[PDB]
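Written below as structure tokens is the structure these notes are about.
2 protein chains.
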Amino acid sequence: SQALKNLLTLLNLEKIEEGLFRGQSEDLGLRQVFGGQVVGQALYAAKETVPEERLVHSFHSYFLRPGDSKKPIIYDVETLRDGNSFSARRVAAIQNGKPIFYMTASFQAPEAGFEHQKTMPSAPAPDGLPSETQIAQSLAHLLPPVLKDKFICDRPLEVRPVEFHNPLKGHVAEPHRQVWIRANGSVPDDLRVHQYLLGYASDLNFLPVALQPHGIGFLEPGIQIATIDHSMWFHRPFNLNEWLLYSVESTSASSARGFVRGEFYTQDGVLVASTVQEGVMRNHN
Amino acid sequence: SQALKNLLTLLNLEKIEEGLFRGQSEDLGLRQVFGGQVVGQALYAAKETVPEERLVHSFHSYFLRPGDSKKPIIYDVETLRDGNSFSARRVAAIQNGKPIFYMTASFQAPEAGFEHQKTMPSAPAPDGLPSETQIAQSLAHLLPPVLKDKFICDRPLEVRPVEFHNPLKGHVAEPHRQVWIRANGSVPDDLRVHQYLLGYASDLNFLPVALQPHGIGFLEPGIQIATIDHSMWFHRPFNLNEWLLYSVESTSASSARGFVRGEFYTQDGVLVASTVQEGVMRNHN
Ligand SMILES: CCCCCCCCCCCC[N+](C)(C)[O-]
Ligand SMILES: CCCCCCCCCCCC[N+](C)(C)[O-]
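Structural data, given as structure tokens:
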């Protein structure tokens, strides 16, 4: 459970000045910075500069350089606009004197209006599915004692895939994936926190779906995937303490790029948010 | 023919300086600037500052204020990055000393890579379908020609809807729409041009689809819709001199906002581009 509090602490940026923050990275595997961390932290920085009643409803972002998790990241927020209804902000993520990421987010106050939504796709309940932590721990029995011990996944989130796609091997399959996600611990009763946490989560089990028709795992040798842009629209309020289905599809792949679109639904079938991302996808020999 | 020539001319911006242009606004219908005009002009501006071999593959944009078509628009391009593969640019559309819109676009040179795509949805051929212009002429067989002798056919694009949704009245219908589109004249043999023309076109028959479940047309009195953000990914090359199916869906509407996702297909079924947009949707009484 320490993992979730460690993530929430990590997303709660250190203020250097108005609209100027500093964030730590890492710690959980792989040296490059996880895209979700940048998204989550950029969202925090952005919301800190917006009227409290205005919640993020959308954001667009482009990744320009790989982030180094050994170094902190500086987030500089620019106020683009504050109208009778919307507040827009642009966040620059900086490391080594260069922008590594830009996000533009829009915020709006709560309001009733036209309501309609796509019907949730059918998917088996999370109850009968193993978590990625279970799957990893089972695969770890393949490692020798020296390595088996040190490893282990204490995660801030719990993920139960409908179909498991091993990133180390990969098998041919339709460009669709469904995973169930929820916080592995208690998330504060503040919707804003749930939002940037979902922002964080939205970058998991996403881009890799574009590799399925080609049976390649994203961690295999010679395979390189990297996010170019990540966008999200928060349609309705939600509680990440409860399950959410992340329904993902890859409608296209071409010119060394992979494209994916996702949707988050509550177990009861409420459409909570939508996501879109394109990233580099190369097979180097 | 003239209408297409006029639009292409209007999209061909006047250069004030490097990465600094000036664009005129359409006379063609509606005092407020058509979003498509801004998108098309911003793309032109961006592409002018990019290496010739690198074609736009995606862009994100936000509209901050309504544009006045009675005035020109200044487009200021900022170079965000020029890497071994990708070039990124941010375009600011200014009018009245204020930004009315921002777009960030990414460009990449052609390359061979993983290929796969969603299967084109079923749709009738454009052959037996009347154009919107034809439909307008048909429904207009009434009232004094005094006004009927001014509003007519000449559009830069020909649009043939699979199902007609009258913006003036509107009827309840599932949140899906299909319209066939092609240039009404000859587009020069430059993919870049076809691309920003498609950008222009991508803002048509889009957002209104979110109003369908509610049986309201966007030209009805007291009904207000306005684009907040428009994004697009150019998956493959295409020829706007030929027919393209614009398949649109509205997966959600809430909090006075409407969300739509679109896809362009060649008649032969090739997925050419994807779009996503959210906009304000209000009924003022
Ligand atoms: C051996 C530990 C098991 C964890 C494997 C970690 C893989 C890194 C996954 C995050 C990569 C996300 N993405 C789309 C940007 O590639
Ligand atoms: C008889 C009136 C038919 C409408 C003529 C106006 C065409 C311009 C349409 C652009 C409107 C775009 N949108 C979604 C922002 O409303």
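Order-wise, the sequence lines are chains B and A. Going by the deposited numbering, the first residue of the first sequence is number 2, and it counts up by one from there. Going by the deposited numbering, the first residue of the second sequence is number 2, and it counts up by one from there. All C-beta atoms in this analysis are idealised placements derived from N, C-alpha and C, irrespective of residue type, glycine included.
Beta-carbon proximity check, residue i vs residue j, cutoff 9 angstroms
i, j, result
"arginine 258/A", "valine 281/A", "yes"
"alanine 93/B", "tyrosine 76/B", "yes"
"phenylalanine 102/A", "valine 39/A", "yes"
"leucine 198/A", "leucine 9/A", "yes"
"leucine 11/B", "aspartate 28/B", "yes"
"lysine 71/A", "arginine 32/A", "yes"
"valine 78/A", "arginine 91/A", "yes"
"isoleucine 217/B", "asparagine 284/B", "yes"
"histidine 166/B", "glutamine 213/B", "yes"
Which residues DSSP lists as bridging residue i, in chain order
i, result
"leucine 272/B", "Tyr266/B"
"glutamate 79/B", "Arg91/B"
"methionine 282/B", "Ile226/B"
"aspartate 69/A", "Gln33/A"
"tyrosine 103/B", "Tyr63/B and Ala93/B"
"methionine 233/B", "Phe60/B and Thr276/B"
"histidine 117/A", "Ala254/B"
"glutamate 159/A", "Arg183/A"
"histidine 177/B", "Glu250/B"
"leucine 245/A", "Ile182/A and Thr267/A"
"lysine 149/B", "Looking at the DSSP assignment, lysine 149/B forms no beta bridge with any residue, so it has no partner."
Anticipated Cβ contact below 8 angstroms, residue i with residue j, distance rounded
i, j, result
"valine 210/B", "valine 147/B", "In fact, because the Cβ distance is near 34 angstroms, the residues do not count as touching under 8 angstroms."
"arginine 193/A", "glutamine 109/A", "Contact flag wrong, Cβ pair sits at about 13 angstroms."
"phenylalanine 235/B", "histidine 58/B", "5 angstroms"
"residue 1/A", "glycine 36/A", "Beyond the ends of chain A as shown, which are 2 and 286, falls residue 1/A; an answer cannot be given."
"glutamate 159/A", "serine 123/A", "Their Cβ separation, rounded to whole angstroms, is 22 angstroms, which puts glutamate 159/A and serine 123/A out of contact at 8 angstroms."
"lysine 6/A", "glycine 186/A", "7 angstroms"
"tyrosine 63/B", "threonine 105/A", "6 angstroms"
"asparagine 242/A", "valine 180/A", "Not confirmed; about 17 angstroms, so no contact."
"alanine 174/B", "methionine 233/B", "Not confirmed; about 25 angstroms, so no contact."
"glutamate 250/B", "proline 168/B", "Between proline 168/B and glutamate 250/B the Cβ distance is about 18 angstroms, and since that is not below 8 angstroms, they are no contact."
"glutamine 3/A", "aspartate 155/A", "7 angstroms"
heavy atom of ligand 1 below 8 angstroms from residue i C-beta
i, result
"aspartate 69/A", "no"
"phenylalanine 35/B", "yes"
"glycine 30/B", "yes"
"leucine 205/B", "yes"
"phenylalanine 152/B", "yes"
Residue i Cβ short of 8 angstroms to ligand 3 heavy atom set
i, result
"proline 176/A", "This structure does not include ligand 3; its bound ligands are ligand 1 and ligand 2."
Residue i versus residue j - alpha carbon distance
i, j, result
"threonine 267/B", "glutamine 25/B", "31 angstroms"
"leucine 144/A", "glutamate 112/B", "41 angstroms"
"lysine 170/A", "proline 238/A", "37 angstroms"
"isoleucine 224/B", "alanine 43/A", "35 angstroms"
"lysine 151/A", "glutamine 138/A", "12 angstroms"
"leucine 208/A", "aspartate 69/B", "40 angstroms"
"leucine 14/A", "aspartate 83/B", "30 angstroms"
"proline 162/B", "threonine 134/B", "11 angstroms"
"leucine 140/A", "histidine 195/A", "32 angstroms"
"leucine 245/A", "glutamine 96/B", "43 angstroms"
"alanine 254/B", "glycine 263/B", "15 angstroms"
"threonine 252/A", "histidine 117/B", "8 angstroms"
"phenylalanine 60/B", "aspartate 128/A", "40 angstroms"
"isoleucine 153/A", "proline 100/A", "33 angstroms"
"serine 248/B", "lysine 149/A", "50 angstroms"
"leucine 130/A", "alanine 184/A", "16 angstroms"
"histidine 172/A", "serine 86/B", "29 angstroms"
"residue 296/A", "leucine 21/A", "Residue 296/A is absent from the structure shown; chain A starts at 2 and stops at 286."
"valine 271/B", "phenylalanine 265/B", "8 angstroms"
"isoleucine 226/B", "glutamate 53/B", "37 angstroms"
"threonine 50/A", "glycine 41/A", "15 angstroms"
"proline 125/B", "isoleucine 136/A", "47 angstroms"
"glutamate 164/B", "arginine 178/B", "7 angstroms"
"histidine 215/A", "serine 107/B", "25 angstroms"
"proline 73/B", "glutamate 279/B", "26 angstroms"
Cβ-heavy atom distance, residue i to ligand 2, below 8 angstroms
i, result
"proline 146/A", "no"
"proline 209/A", "yes"
"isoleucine 226/A", "yes"
"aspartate 155/A", "no"
"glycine 280/A", "yes"
"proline 131/A", "no"
"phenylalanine 219/A", "yes"
"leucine 143/B", "no"
"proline 168/A", "yes"
"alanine 137/A", "yes"
"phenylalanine 165/A", "no"
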